[PDB]
$ cat data_30.pdb   # PDB, C-alpha atoms (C1' of nucleotides)
MODEL        1
ATOM      1  CA  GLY A   1     -28.360 -24.158  36.435  1.00  0.00           C
ATOM      2  CA  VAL A   2     -25.226 -23.701  38.544  1.00  0.00           C
ATOM      3  CA  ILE A   3     -23.972 -21.846  35.447  1.00  0.00           C
ATOM      4  CA  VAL A   4     -20.181 -21.993  35.681  1.00  0.00           C
ATOM      5  CA  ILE A   5     -17.209 -20.402  33.925  1.00  0.00           C
ATOM      6  CA  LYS A   6     -13.501 -20.201  34.752  1.00  0.00           C
ATOM      7  CA  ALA A   7     -12.479 -16.529  34.917  1.00  0.00           C
ATOM      8  CA  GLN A   8      -8.781 -17.496  34.780  1.00  0.00           C
ATOM      9  CA  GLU A   9      -5.533 -15.622  35.508  1.00  0.00           C
ATOM     10  CA  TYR A  10      -5.126 -11.832  35.393  1.00  0.00           C
ATOM     11  CA  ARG A  11      -3.004  -9.018  36.820  1.00  0.00           C
ATOM     12  CA  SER A  12      -5.977  -8.101  39.014  1.00  0.00           C
ATOM     13  CA  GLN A  13      -8.643 -10.519  40.248  1.00  0.00           C
ATOM     14  CA  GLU A  14     -11.253  -7.745  40.208  1.00  0.00           C
ATOM     15  CA  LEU A  15     -10.733  -7.532  36.445  1.00  0.00           C
ATOM     16  CA  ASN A  16     -12.379 -10.929  36.119  1.00  0.00           C
ATOM     17  CA  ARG A  17     -14.947  -9.761  38.634  1.00  0.00           C
ATOM     18  CA  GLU A  18     -16.234  -7.174  36.161  1.00  0.00           C
ATOM     19  CA  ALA A  19     -15.542  -9.738  33.424  1.00  0.00           C
ATOM     20  CA  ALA A  20     -17.545 -12.594  34.960  1.00  0.00           C
ATOM     21  CA  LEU A  21     -20.034 -10.012  36.224  1.00  0.00           C
ATOM     22  CA  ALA A  22     -20.766  -8.484  32.816  1.00  0.00           C
ATOM     23  CA  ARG A  23     -20.707 -12.068  31.512  1.00  0.00           C
ATOM     24  CA  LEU A  24     -23.531 -13.321  33.729  1.00  0.00           C
ATOM     25  CA  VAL A  25     -25.469 -10.044  33.617  1.00  0.00           C
ATOM     26  CA  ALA A  26     -25.377 -10.032  29.813  1.00  0.00           C
ATOM     27  CA  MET A  27     -26.099 -13.779  29.866  1.00  0.00           C
ATOM     28  CA  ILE A  28     -29.383 -12.935  31.588  1.00  0.00           C
ATOM     29  CA  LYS A  29     -29.926 -10.343  28.853  1.00  0.00           C
ATOM     30  CA  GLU A  30     -29.163 -12.806  26.049  1.00  0.00           C
ATOM     31  CA  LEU A  31     -31.554 -15.216  27.760  1.00  0.00           C
ATOM     32  CA  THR A  32     -34.280 -12.588  27.996  1.00  0.00           C
ATOM     33  CA  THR A  33     -35.421 -13.701  24.543  1.00  0.00           C
ATOM     34  CA  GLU A  34     -39.152 -13.326  25.176  1.00  0.00           C
ATOM     35  CA  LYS A  35     -40.098 -16.142  22.762  1.00  0.00           C
ATOM     36  CA  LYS A  36     -37.206 -15.351  20.388  1.00  0.00           C
ATOM     37  CA  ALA A  37     -38.911 -12.581  18.352  1.00  0.00           C
ATOM     38  CA  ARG A  38     -42.346 -12.603  19.844  1.00  0.00           C
ATOM     39  CA  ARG A  39     -44.079  -9.415  20.971  1.00  0.00           C
ATOM     40  CA  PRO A  40     -45.417 -10.568  18.595  1.00  0.00           C
ATOM     41  CA  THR A  41     -46.560  -7.344  16.876  1.00  0.00           C
ATOM     42  CA  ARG A  42     -48.691  -8.900  14.123  1.00  0.00           C
ATOM     43  CA  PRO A  43     -49.622  -5.976  11.780  1.00  0.00           C
ATOM     44  CA  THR A  44     -53.027  -5.203  10.281  1.00  0.00           C
ATOM     45  CA  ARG A  45     -51.916  -4.339   6.748  1.00  0.00           C
ATOM     46  CA  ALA A  46     -51.175  -7.961   5.863  1.00  0.00           C
ATOM     47  CA  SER A  47     -54.481  -8.999   7.450  1.00  0.00           C
ATOM     48  CA  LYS A  48     -56.655  -7.017   5.035  1.00  0.00           C
ATOM     49  CA  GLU A  49     -54.576  -8.155   2.055  1.00  0.00           C
ATOM     50  CA  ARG A  50     -55.169 -11.837   2.726  1.00  0.00           C
ATOM     51  CA  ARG A  51     -58.767 -11.018   3.625  1.00  0.00           C
ATOM     52  CA  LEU A  52     -59.305  -9.437   0.207  1.00  0.00           C
ATOM     53  CA  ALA A  53     -57.292 -12.366  -1.126  1.00  0.00           C
ATOM     54  CA  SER A  54     -60.087 -14.582   0.202  1.00  0.00           C
ATOM     55  CA  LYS A  55     -62.570 -12.226  -1.437  1.00  0.00           C
ATOM     56  CA  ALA A  56     -61.325 -12.853  -4.983  1.00  0.00           C
ATOM     57  CA  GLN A  57     -61.773 -16.609  -4.595  1.00  0.00           C
ATOM     58  CA  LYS A  58     -65.176 -16.116  -2.985  1.00  0.00           C
ATOM     59  CA  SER A  59     -66.959 -14.620  -5.990  1.00  0.00           C
ATOM     60  CA  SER A  60     -65.368 -17.127  -8.383  1.00  0.00           C
ATOM     61  CA  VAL A  61     -67.059 -19.972  -6.482  1.00  0.00           C
ATOM     62  CA  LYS A  62     -70.269 -18.704  -8.085  1.00  0.00           C
ATOM     63  CA  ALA A  63     -69.217 -21.492 -10.416  1.00  0.00           C
ATOM     64  CA  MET A  64     -71.215 -24.593 -11.423  1.00  0.00           C
ATOM     65  CA  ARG A  65     -74.553 -25.291  -9.706  1.00  0.00           C
ATOM     66  CA  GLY A  66     -78.071 -25.304 -11.126  1.00  0.00           C
TER      67      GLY A  66
ATOM     68  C1'   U B   1      35.969  25.463 -22.958  1.00  0.00           C
ATOM     69  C1'   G B   2      37.011  30.335 -22.229  1.00  0.00           C
ATOM     70  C1'   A B   3      33.722  35.263 -24.280  1.00  0.00           C
ATOM     71  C1'   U B   4      33.970  39.284 -21.247  1.00  0.00           C
ATOM     72  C1'   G B   5      34.139  42.691 -17.295  1.00  0.00           C
ATOM     73  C1'   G B   6      36.930  43.781 -13.005  1.00  0.00           C
ATOM     74  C1'   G B   7      41.946  44.446  -9.756  1.00  0.00           C
ATOM     75  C1'   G B   8      47.549  45.018  -9.810  1.00  0.00           C
ATOM     76  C1'   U B   9      51.846  47.089 -11.887  1.00  0.00           C
ATOM     77  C1'   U B  10      53.665  51.283 -16.158  1.00  0.00           C
ATOM     78  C1'   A B  11      55.658  53.614 -22.641  1.00  0.00           C
ATOM     79  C1'   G B  12      53.022  57.726 -23.828  1.00  0.00           C
ATOM     80  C1'   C B  13      49.509  62.011 -22.800  1.00  0.00           C
ATOM     81  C1'   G B  14      51.014  65.278 -18.153  1.00  0.00           C
ATOM     82  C1'   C B  15      56.070  69.974 -13.540  1.00  0.00           C
ATOM     83  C1'   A B  16      52.126  68.009  -7.961  1.00  0.00           C
ATOM     84  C1'   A B  17      47.993  65.114  -9.186  1.00  0.00           C
ATOM     85  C1'   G B  18      46.165  62.236 -12.652  1.00  0.00           C
ATOM     86  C1'   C B  19      45.657  59.147 -17.080  1.00  0.00           C
ATOM     87  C1'   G B  20      47.237  54.989 -19.299  1.00  0.00           C
ATOM     88  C1'   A B  21      48.761  52.011 -24.128  1.00  0.00           C
ATOM     89  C1'   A B  22      51.174  47.760 -24.085  1.00  0.00           C
ATOM     90  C1'   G B  23      52.955  43.634 -21.492  1.00  0.00           C
ATOM     91  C1'   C B  24      52.166  40.352 -17.701  1.00  0.00           C
ATOM     92  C1'   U B  25      49.445  39.069 -13.859  1.00  0.00           C
ATOM     93  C1'   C B  26      44.857  38.218 -10.201  1.00  0.00           C
ATOM     94  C1'   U B  27      39.635  37.423 -10.661  1.00  0.00           C
ATOM     95  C1'   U B  28      35.104  36.851 -13.095  1.00  0.00           C
ATOM     96  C1'   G B  29      33.246  33.668 -15.793  1.00  0.00           C
ATOM     97  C1'   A B  30      29.004  34.126 -21.051  1.00  0.00           C
ATOM     98  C1'   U B  31      29.129  29.895 -24.010  1.00  0.00           C
ATOM     99  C1'   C B  32      29.782  24.308 -24.761  1.00  0.00           C
ATOM    100  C1'   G B  33      28.352  20.294 -22.092  1.00  0.00           C
ATOM    101  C1'   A B  34      26.694  13.874 -21.322  1.00  0.00           C
ATOM    102  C1'   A B  35      24.498  10.447 -18.267  1.00  0.00           C
ATOM    103  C1'   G B  36      22.178  11.117 -14.065  1.00  0.00           C
ATOM    104  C1'   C B  37      18.254  13.912 -12.173  1.00  0.00           C
ATOM    105  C1'   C B  38      13.119  15.612 -12.985  1.00  0.00           C
ATOM    106  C1'   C B  39       8.778  13.927 -16.040  1.00  0.00           C
ATOM    107  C1'   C B  40       6.993   9.650 -18.080  1.00  0.00           C
ATOM    108  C1'   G B  41       5.106   4.747 -18.286  1.00  0.00           C
ATOM    109  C1'   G B  42       5.776  -0.996 -17.745  1.00  0.00           C
ATOM    110  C1'   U B  43       7.064  -4.240 -13.708  1.00  0.00           C
ATOM    111  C1'   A B  44       4.518  -8.020  -7.349  1.00  0.00           C
ATOM    112  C1'   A B  45       6.714 -16.864  -8.279  1.00  0.00           C
ATOM    113  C1'   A B  46      10.871  -7.944  -7.277  1.00  0.00           C
ATOM    114  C1'   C B  47      10.933  -5.955  -1.857  1.00  0.00           C
ATOM    115  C1'   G B  48       6.597  -5.627  -0.222  1.00  0.00           C
ATOM    116  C1'   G B  49       1.185  -4.222   1.347  1.00  0.00           C
ATOM    117  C1'   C B  50      -3.919  -6.174   1.254  1.00  0.00           C
ATOM    118  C1'   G B  51      -9.199  -0.347   6.550  1.00  0.00           C
ATOM    119  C1'   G B  52     -12.338   2.719   9.472  1.00  0.00           C
ATOM    120  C1'   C B  53     -16.698   4.749  11.673  1.00  0.00           C
ATOM    121  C1'   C B  54     -22.033   4.083  12.161  1.00  0.00           C
ATOM    122  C1'   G B  55     -27.065   2.852  11.577  1.00  0.00           C
ATOM    123  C1'   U B  56     -30.420  -1.145   9.956  1.00  0.00           C
ATOM    124  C1'   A B  57     -34.864  -7.061   9.659  1.00  0.00           C
ATOM    125  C1'   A B  58     -42.289  -9.074  12.704  1.00  0.00           C
ATOM    126  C1'   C B  59     -39.679  -6.081  20.764  1.00  0.00           C
ATOM    127  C1'   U B  60     -35.227 -10.112  21.656  1.00  0.00           C
ATOM    128  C1'   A B  61     -30.095 -11.584  19.294  1.00  0.00           C
ATOM    129  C1'   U B  62     -27.065 -11.040  14.845  1.00  0.00           C
ATOM    130  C1'   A B  63     -26.871  -7.988  10.161  1.00  0.00           C
ATOM    131  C1'   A B  64     -27.672  -9.696   3.762  1.00  0.00           C
ATOM    132  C1'   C B  65     -28.130  -4.615   3.124  1.00  0.00           C
ATOM    133  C1'   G B  66     -27.383   1.194   3.989  1.00  0.00           C
ATOM    134  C1'   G B  67     -24.668   5.757   5.106  1.00  0.00           C
ATOM    135  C1'   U B  68     -20.090   8.279   5.368  1.00  0.00           C
ATOM    136  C1'   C B  69     -14.672   8.687   5.688  1.00  0.00           C
ATOM    137  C1'   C B  70     -10.142   6.987   4.230  1.00  0.00           C
ATOM    138  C1'   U B  71      -6.476   3.993   1.305  1.00  0.00           C
ATOM    139  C1'   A B  72      -2.394   2.518  -4.401  1.00  0.00           C
ATOM    140  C1'   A B  73      -5.472  -1.901  -2.985  1.00  0.00           C
ATOM    141  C1'   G B  74      -8.794  -2.654   1.290  1.00  0.00           C
ATOM    142  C1'   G B  75      -7.403 -10.181   2.353  1.00  0.00           C
ATOM    143  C1'   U B  76     -10.941 -14.028  -1.948  1.00  0.00           C
ATOM    144  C1'   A B  77     -10.149 -19.713  -2.209  1.00  0.00           C
ATOM    145  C1'   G B  78      -8.829 -22.681   1.555  1.00  0.00           C
ATOM    146  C1'   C B  79      -7.757 -22.967   6.712  1.00  0.00           C
ATOM    147  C1'   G B  80      -8.250 -21.735  11.862  1.00  0.00           C
ATOM    148  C1'   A B  81      -7.591 -22.088  19.667  1.00  0.00           C
TER     149        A B  81
ENDMDL
END

$ encode --input "data_30.pdb" --output "structure tokens"
Amino acid sequence: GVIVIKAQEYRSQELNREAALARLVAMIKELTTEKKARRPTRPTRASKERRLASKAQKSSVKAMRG
RNA sequence: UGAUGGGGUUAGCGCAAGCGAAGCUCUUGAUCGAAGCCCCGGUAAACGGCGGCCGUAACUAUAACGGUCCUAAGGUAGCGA
């Protein structure tokens, strides 16, 4: 994790300061990725749908017995 | 090409003055007038040229997509330090 990059030649060294600076700073941002898409914010609308989806199959299992 | 009108000079009409035929001049030029030009299309293995801005998907990251502007058209196939 010695994370290296060669901020090569320029007409002002400080230019690559702000270059390598915004590079590492943003790198930390890009590597924020809190589980790549995970908040996860799992809605409740899809939960009732599948729940009622389990309901339809429930009553049909009133099939064969006795 | 040359219709006209306009200027100069001077028989005759007239004793100043003036007028002015006619001649000849100077000038104006109506009119005639083709291609080109304009309009019109076709033409890119003719010369050539072949975009912006901005938002958006289960926080993250990108944006298939969406909005709007602009252009004659908005770079496909393939390829790419």

$ residues_around --input "data_30.pdb" --residues "range 42-59 of chain B" --least-positions-apart "5" --cutoff "7 Å" --atoms "all atoms listed in the file" --output "ChimeraX atom specification"
/A:37,39-42 /B:73-75

$ closest_atom_pairs --input "data_30.pdb" --of "chain A" --to "chain B" --cutoff "12 Å" --atoms "only C-alpha atoms (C1' of nucleotides)" --output "JSON lines"
{"residue": "A:26", "atom": "CA", "partner": "B:61", "partner_atom": "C1'", "distance": 11.6}
{"residue": "A:27", "atom": "CA", "partner": "B:61", "partner_atom": "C1'", "distance": 11.5}
{"residue": "A:28", "atom": "CA", "partner": "B:60", "partner_atom": "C1'", "distance": 11.9}
{"residue": "A:29", "atom": "CA", "partner": "B:60", "partner_atom": "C1'", "distance": 8.9}
{"residue": "A:30", "atom": "CA", "partner": "B:61", "partner_atom": "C1'", "distance": 6.9}
{"residue": "A:31", "atom": "CA", "partner": "B:60", "partner_atom": "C1'", "distance": 8.8}
{"residue": "A:32", "atom": "CA", "partner": "B:60", "partner_atom": "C1'", "distance": 6.9}
{"residue": "A:33", "atom": "CA", "partner": "B:60", "partner_atom": "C1'", "distance": 4.6}
{"residue": "A:34", "atom": "CA", "partner": "B:60", "partner_atom": "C1'", "distance": 6.2}
{"residue": "A:35", "atom": "CA", "partner": "B:60", "partner_atom": "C1'", "distance": 7.8}
{"residue": "A:36", "atom": "CA", "partner": "B:60", "partner_atom": "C1'", "distance": 5.7}
{"residue": "A:37", "atom": "CA", "partner": "B:60", "partner_atom": "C1'", "distance": 5.5}
{"residue": "A:38", "atom": "CA", "partner": "B:59", "partner_atom": "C1'", "distance": 7.1}
{"residue": "A:39", "atom": "CA", "partner": "B:59", "partner_atom": "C1'", "distance": 5.5}
{"residue": "A:40", "atom": "CA", "partner": "B:58", "partner_atom": "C1'", "distance": 6.8}
{"residue": "A:41", "atom": "CA", "partner": "B:58", "partner_atom": "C1'", "distance": 6.2}
{"residue": "A:42", "atom": "CA", "partner": "B:58", "partner_atom": "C1'", "distance": 6.6}
{"residue": "A:43", "atom": "CA", "partner": "B:58", "partner_atom": "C1'", "distance": 8.0}
{"residue": "A:44", "atom": "CA", "partner": "B:58", "partner_atom": "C1'", "distance": 11.7}
{"residue": "A:46", "atom": "CA", "partner": "B:58", "partner_atom": "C1'", "distance": 11.3}

$ residues_around --input "data_30.pdb" --residues "residue 20 in chain B" --least-positions-apart "3" --cutoff "12 Å" --atoms "all atoms listed in the file" --output "PyMOL selection string"
chain B and resi 9-14

$ residues_around --input "data_30.pdb" --residues "residue 7 in chain B" --least-positions-apart "4" --cutoff "12 Å" --atoms "only C-alpha atoms (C1' of nucleotides)" --output "list in words"
residues 25, 26, 27 and 28 of chain B

$ write_last_selection --input "data_30.pdb" --atoms "C-alpha atoms (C1' of nucleotides)" --output "PDB file, in the coordinates of the input"
ATOM      1  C1'   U B  25      49.445  39.069 -13.859  1.00  0.00           C
ATOM      2  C1'   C B  26      44.857  38.218 -10.201  1.00  0.00           C
ATOM      3  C1'   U B  27      39.635  37.423 -10.661  1.00  0.00           C
ATOM      4  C1'   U B  28      35.104  36.851 -13.095  1.00  0.00           C
TER       5        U B  28
END

$ axis_aligned_box --input "data_30.pdb" --around "range 69-78 of chain B" --padding-each-side "6 Å" --output "AutoDock Vina command-line options"
--center_x -8.5 --center_y -7.0 --center_z 0.6 --size_x 24.3 --size_y 43.4 --size_z 22.1

$ atom_distance --input "data_30.pdb" --atom1 "CA of residue 20 in chain A" --atom2 "CA of residue 7 in chain A"
6.4 Å

$ atom_distance --input "data_30.pdb" --atom1 "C1' of residue 41 in chain B" --atom2 "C1' of residue 71 in chain B"
22.8 Å

$ atom_distance --input "data_30.pdb" --atom1 "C1' of residue 30 in chain B" --atom2 "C1' of residue 3 in chain B"
5.8 Å
